[PDB]
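Student: pasting an experimental structure with its sequence.
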Amino acid sequence: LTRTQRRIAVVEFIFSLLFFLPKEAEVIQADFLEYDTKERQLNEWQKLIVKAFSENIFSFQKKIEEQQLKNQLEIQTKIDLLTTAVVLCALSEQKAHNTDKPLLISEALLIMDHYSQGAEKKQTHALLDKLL
Ligand SMILES: [Cl-]
Ligand SMILES: [Cl-]
Ligand code: NA
Ligand code: NA
Ligand code: NA
């Protein structure tokens, strides 16, 4: 599997959880194990993202909540749950693996295309991730 496919697997997982939150951190981590299949071949790289997600979901969800709002501009001189799941994965991944900002954003937009969301305009906030 490609790193992109592995990212998609985390996104879909997170997505399925956002309908029924909150769950305890170790519960989500154990739910991720039951989520594994022949095709997913879930590895430690993905499990570390889900671990960061499980332990920081309250803060990530807050940071998101407030960045959207803080986007209230004049000049320059309703986020959905799939788009949220994509953004939380990027936050989770930068936390677990310290992936650089440019790679995370391109990848995120690539996943949005995969789900034919075409709401790419809500970048992975150039505001929410750190450029190293
Ligand atoms: Cl895939
Ligand atoms: Cl999948
Ligand atoms: Na790989
Ligand atoms: Na995990
Ligand atoms: Na953590």
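Tutor: Happy to help now that I have it. Numbering: from 1, shown residues only. Ligands and ions are numbered 1, 2, ... in the order given.

Student: what does the protein put close to ligand 5?
Tutor: By the rule CB under 5 Å from the ion, the part of the chain lying against ligand 5 is 52, 55. Placement of C-beta: from N, CA and C, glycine included.

Student: which residue ranges of the chain form helices?
Tutor: 3-17, 25-34, 44-70, 81-97, 101-114 (DSSP state H).

Student: please identify which of those is closest to ligand 2.
Tutor: helix 3-17 (4.3 Å; CB to the ion).

Student: just the buried positions in the closest one, please.
Tutor: Neighbour-count burial for helix 3-17 flags 6-15, 17 (criterion: 16 or more other CB atoms under 10 Å).

Student: out of these, who's near ligand 4?
Tutor: Answer for these near ligand 4: none qualify (CB under 5 Å from the ion).

Student: quick one on the thing from earlier: and the helices of the chain, which is most packed in?
Tutor: helix 81-97 (a mean of 22; mean count of other CB atoms under 10 Å).

Student: mind checking how far that one is from the chain centre?
Tutor: 2 Å (CA atoms, centre = their mean, to the nearest Å).

Student: can I get it as PDB, trimmed to CA atoms?
Tutor: What follows is helix 81-97 as a C-alpha-only set of coordinates in PDB (Å, rounded to 0.1, in the frame of the first residue of the first chain):
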ATOM      1  CA  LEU A  81     -17.600  15.600   8.900                       C
ATOM      2  CA  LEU A  82     -15.600  13.900   6.200                       C
ATOM      3  CA  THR A  83     -13.600  17.200   5.800                       C
ATOM      4  CA  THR A  84     -13.300  17.300   9.500                       C
ATOM      5  CA  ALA A  85     -12.000  13.700   9.500                       C
ATOM      6  CA  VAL A  86      -9.400  14.600   6.900                       C
ATOM      7  CA  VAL A  87      -8.300  17.700   9.000                       C
ATOM      8  CA  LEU A  88      -8.100  15.600  12.200                       C
ATOM      9  CA  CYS A  89      -5.900  13.100  10.500                       C
ATOM     10  CA  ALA A  90      -3.400  15.800   9.400                       C
ATOM     11  CA  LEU A  91      -3.300  17.100  12.900                       C
ATOM     12  CA  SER A  92      -2.900  13.600  14.300                       C
ATOM     13  CA  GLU A  93      -0.100  12.800  11.800                       C
ATOM     14  CA  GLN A  94       1.900  16.000  12.400                       C
ATOM     15  CA  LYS A  95       1.700  15.100  16.100                       C
ATOM     16  CA  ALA A  96       2.700  11.500  15.700                       C
ATOM     17  CA  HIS A  97       5.200  11.600  12.900                       C
END
